[PDB]
Amino acid sequence: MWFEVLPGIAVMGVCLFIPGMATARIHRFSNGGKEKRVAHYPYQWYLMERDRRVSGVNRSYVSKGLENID
Amino acid sequence: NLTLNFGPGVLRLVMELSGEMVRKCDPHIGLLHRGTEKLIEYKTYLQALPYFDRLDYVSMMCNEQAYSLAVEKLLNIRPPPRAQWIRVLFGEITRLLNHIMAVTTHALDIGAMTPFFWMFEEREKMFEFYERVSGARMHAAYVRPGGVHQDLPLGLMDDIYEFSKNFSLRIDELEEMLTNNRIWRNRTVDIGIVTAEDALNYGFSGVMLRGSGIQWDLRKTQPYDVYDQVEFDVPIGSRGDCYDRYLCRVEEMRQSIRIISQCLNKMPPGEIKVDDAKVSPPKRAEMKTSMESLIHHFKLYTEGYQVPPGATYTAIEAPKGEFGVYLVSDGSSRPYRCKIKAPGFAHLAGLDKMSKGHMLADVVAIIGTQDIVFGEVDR
Amino acid sequence: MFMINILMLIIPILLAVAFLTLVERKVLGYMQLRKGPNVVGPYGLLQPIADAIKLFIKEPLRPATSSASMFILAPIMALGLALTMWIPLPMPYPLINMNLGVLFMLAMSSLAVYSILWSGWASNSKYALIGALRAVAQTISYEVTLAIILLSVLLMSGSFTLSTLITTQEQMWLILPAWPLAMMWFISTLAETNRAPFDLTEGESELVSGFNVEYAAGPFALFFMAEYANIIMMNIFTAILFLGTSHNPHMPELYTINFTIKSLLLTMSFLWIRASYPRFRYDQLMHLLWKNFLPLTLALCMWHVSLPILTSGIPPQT
Amino acid sequence: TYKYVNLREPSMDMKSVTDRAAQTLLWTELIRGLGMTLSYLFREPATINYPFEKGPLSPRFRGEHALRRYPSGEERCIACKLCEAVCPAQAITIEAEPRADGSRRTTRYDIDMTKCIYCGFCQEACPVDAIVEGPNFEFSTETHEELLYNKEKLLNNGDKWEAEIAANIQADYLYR
Amino acid sequence: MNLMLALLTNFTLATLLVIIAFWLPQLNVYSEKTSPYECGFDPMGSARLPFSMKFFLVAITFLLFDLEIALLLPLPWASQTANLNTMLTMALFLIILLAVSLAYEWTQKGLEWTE
Amino acid sequence: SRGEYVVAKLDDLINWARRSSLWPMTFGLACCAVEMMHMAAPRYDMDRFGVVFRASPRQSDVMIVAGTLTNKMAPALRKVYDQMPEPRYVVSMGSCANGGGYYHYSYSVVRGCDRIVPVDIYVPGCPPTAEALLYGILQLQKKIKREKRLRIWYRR
Amino acid sequence: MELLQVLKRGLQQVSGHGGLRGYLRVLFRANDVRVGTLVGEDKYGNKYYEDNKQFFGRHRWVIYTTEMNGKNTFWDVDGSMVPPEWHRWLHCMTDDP
Ligand code: SF4
Ligand code: SF4
Ligand code: SF4
């Protein structure tokens, strides 16, 4: 019957879900639980590099708040 | 120009191409020539009957009918009425088998693959009517000179009625896929136009004539069996192209349900082979108690009945066109000459003309519209 | 961690292709009043695996008089490009976030025409060279419309970034204001990927042979893999372009589930169409592009360049 | 009597012309053909589960050959050679001689199953119901030489299919 | 670098699937095999495919239509200018000439496939 | 290990793939080809066994010779057989292809395709039922399952 | 509600074969998990069923034995394993088992 076609779709559906999920999870793992920074224009890249010089560690995804200003 | 070699029934087209167009088309046949017309000269008349199931192997029982009418004409006998109604009944169940093959394979060649599967579960049910009367799904050898082999089993006409009561919806679904489809009309309209005078002079018959507007059907002009006691209409085309012939075949399938509806209601009682034991074998229960009936069973199955000398061209309205046999007899139990007039032989001879000024992809559509089976073209 | 990301893209793509063959063979069968693969494994779930192993332990027949270097190049280029078109897709986060993602997709797509030409050139048959020149002529013709239709949609989106199409369609799908383009875009993708009713070379079998009819064994499986990956890729492109999904940065999985469902319904519409219509003649699919689509696409490109200006609806550049 | 399949003239009123324009630009008839293939998707398929299910046959089915016996074990064949005379493919070969008890029985009885056209004329000609075509249709072989039956092979078929062959003859001999 | 890794992996893997295709199986070659397929018959001429003029015109037409598209690609960026009356006139001028070009090939029988 | 065990299991795997993914190349020659089509029709659906409807000689694994082989056609059949990549199996369908059948004594017919190509399964009948041909294909799958290519290599 | 009924037949099939093991055994041997009335059994182990709600052709089937004349037929079934007396019933040449 027609529902004996779904198992093939379910396997194919899962295979197309993995690439989007893995990319979403790997980005957050490598950027401290946040979205990856998108830098399409130079001004965005200048702010990302400045963030890398402000954290102390060479990571642009480590944010310093008001605690760092005295 | 680009002389290509297309092919591997099996055909060998040797086409001369100048770009997309076709310049000359040369069909090379004989890839399925088997020497049937020479093998029949070594067989008795009964032994030659199965040879006719294998000429047009989509319209088996129509070929048998043509051979029986010819022999019955030279034998000067007449099959009983119940045999004739059976032969019209199974002569039209066979027209459905041929038109399904002729329309859905035509569609299969040009990309439409789904209708083939729908209507081959309808052919499969009709093959069970062949199997239940003769024991063979395709090559029944059920129609024989003098009538038919056996009577219909009890409960067969009910299943033909149940089947034929749903077959009009199956056609309608086929016509939904094709009739109004623009892709299917662009492949057929104004393809393979044939004028009436060319169709007559080139030897065409069947839909190849009626697609061009000629009013001619042998079932109505030279009736055989009981075709004058049933009512049906003859589809006629107007353009003379592939699309009109396609419609003519879909309307014939509708008119055969009309004929089958009547053969079921008007079936008479009686015997199913001529009550003349020098032509048709006796019943088995009298072969085992009567002295004369054992002598004739012995002679009919070793020597066979003798046909009086003479020659006859006997043709019928087979699904693919006029099918006839020129059968010569010398007075013995074996035919002296049996020329088989295969309609596809004349049609395939007009492929070159019908393909004038068409692309290479239209030659496929033209061959399908002629409904060519190379069992009969090559014999 | 990036090298892990690439393998979470390539490997699941091939698995999807392998099981698109099963899904196609069963959807076709049920539209034909039959079942399809249900013997090799439960419901045919092992059928894709059996075919792959069969093709890769067969004789890879290469003709003696074939240019060996190009005979090998064609399947490498076909499969290599197929996987390269998946790197910028926002599902919802691209592997490579390109500022010109839409333009990159067009370029790689136009390179795939070489695999068709090299395959027919390297076989020395002339039964496969005519098919190659016919397929090459069909593919270059129908990528004129793709480039113009794509351009028209980007005039409501404002840039070439694929991630921006998710923001253009944050209130409404683009299929409403652009269904005339979607209809022609959808049919163009059928003509690009040599799908029925535009399959005059893959499996015409009407006094015409395909360009890769001389291939066998493993090399053939590489042409087949690339062809089906592009089918899935082109329907993912259609979902992002006209049926955009809503993106929630805290639940990116919601986007992926909905985005995957639309991509499957669009991929099952390629199987649905193949079971329903006959195939065009060669001249008829050329007249469909040069005399019907291109005249309308040029008119709609003029219309979509001035509609934003006349309604004060020009999108943002960034 | 006749009818016109394709003799029509489309109406040229602006109502009908616009209808055809909508069909050309909106693909109405194409989208109507998708519905027919969508309905078939939701119909039960017509496939049987072979080899666990078998397509229906009838008592008259012509299958593999078999030589039969009387209920006492005597062979029915009396070497009359009627089946050899009528076989249109000349696929039967027979030799005979008086048996040690003086009876009329065969020494050779061969059926070349690659010449046979499976037609039935041999069981029609036989006057003692000795040669029949049983209902077996699943006897394909890996060699040509295995399809050249001799008398020993044919009697084994009869001794193997007599339970079923006798029943089929009972259900059809009144039609013969 | 992330892009060069992705390209290297995509084409490196596709190459491995080809070496294992030409080396894993068991080969056996002779003359009848490793010949052009044809259709089961012998070649009917020792000459290559005749040059067809109509296939050349589609290729050239695509190239000149492709080049005219290259000039249309930056339209998304061009709608952000302050000279919209000027910009809009040149956008429609290019698309119209692309239409005039098509209207010429059409009426001179350049889009026909019948000889 | 024993080595033999690994070879025994590799034989099973490759045999499983080959008999589970047979792609035939039908040489529809005469009436037996109509029954081959009925084996693809809904009632039997050979596609469900992994047997695709049709293929070309370069991607085919088994040839089904279904019909009368004439002298004018035999060279064409052999050339198609030679161009099939190996492994290649042949199934002879019907009395015409088995030993000549009704036309055995004709001047124009090859008396059995086995004079031209090696055959693996002989399917009898005139024509065989679509079920008989299906039984023949399933018998060929069992024949592939018994193949011992790697075991014999290990003992060379 | 009718939809809820569908998922109950799909559950009671698992019980109709004696549990999950029997359900999987018949799924991997016959590719079919239907349950029908038991008509009989033969001396070789073959069991024959029927279900007249099914359409003509699928209303009778046989689950072949796992051993027959010293041959392990757990996977290698074959249509010639049906003995003649049951061969007439399976092929619908008679209605009487
Ligand atoms: S069935 Fe016909 S061909 Fe076969 S042996 Fe009997 S008489 Fe001869
Ligand atoms: S017809 Fe009957 S009795 Fe006579 S030889 Fe043949 S099998 Fe024997
Ligand atoms: S064996 Fe019988 S059905 Fe088959 S081709 Fe020959 S005559 Fe026709």
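Throughout, protein chains are lettered first and strands after them, A, B, ... in sequence-line order, and every chain is numbered starting at 1. Hydrogens, waters and symmetry mates play no part in the numbers below; they use all other heavy atoms, side chains included.
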ask   = Quick one: what part of C/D199 sits under 4.5 Å from any heavy atom of chain B, side chain, backbone, both or neither?
value = neither
note = Checking C/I187, C/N230, C/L271 against C/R195 for side chain to side chain contact (heavy atoms under 4.5 Å, CB included), the one that qualifies is C/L271
query = For C/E206, is it the side chain, the backbone, both, or neither that has a heavy atom closer than 4.5 Å to a heavy atom of chain B?
reply = both
remark   = Under 4.5 Å to a heavy atom of chain C? For B/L178 that would be neither
task = Name the region of B/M359, side chain, backbone, both or neither, that has any atom closer than 4.5 Å to a heavy atom of chain C.
result = side chain
remark   = When C/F280, C/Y282, C/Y277 are each screened for ring-ring contact (aromatic ring centres under 6.0 Å, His included) with C/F198, the one that passes is C/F280
request  = Please flag which part of C/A196 lies under 4.5 Å from any non-hydrogen atom of chain B: side chain, backbone, both or neither.
outcome  = neither
remark   = Nearest heavy-atom contact between C/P37 and C/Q47 is CB-OE1, 3.8 Å
message = So which residue, C/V208, C/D283, C/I130, ends up with the most heavy-atom pairs under 4.5 Å with chain B?
response = C/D283
task = Please assess C/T238 against C/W185 for the test side chain to side chain donor-acceptor pair (under 3.5 Å), listing each intermediate value before the final yes or no.
result = CA-CA 8 Å; C/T238 306; C/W185 167 269; 3.0 Å; yes
message = Need one label for B/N186: side chain, backbone, both or neither, based on atoms under 4.5 Å from any heavy atom in chain C.
response = both
key: Ion pair check, B/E252 and B/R249, cut-off under 4.0 Å   = no
query = In terms of side-chain geometry, is the basic nitrogen of B/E92 or B/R95 positioned less than 4.0 Å from the acidic oxygen of its partner?
reply = yes
query = What part of C/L200 gets closer than 4.5 Å to chain B, counting heavy atoms only: side chain, backbone, both or neither?
reply = neither
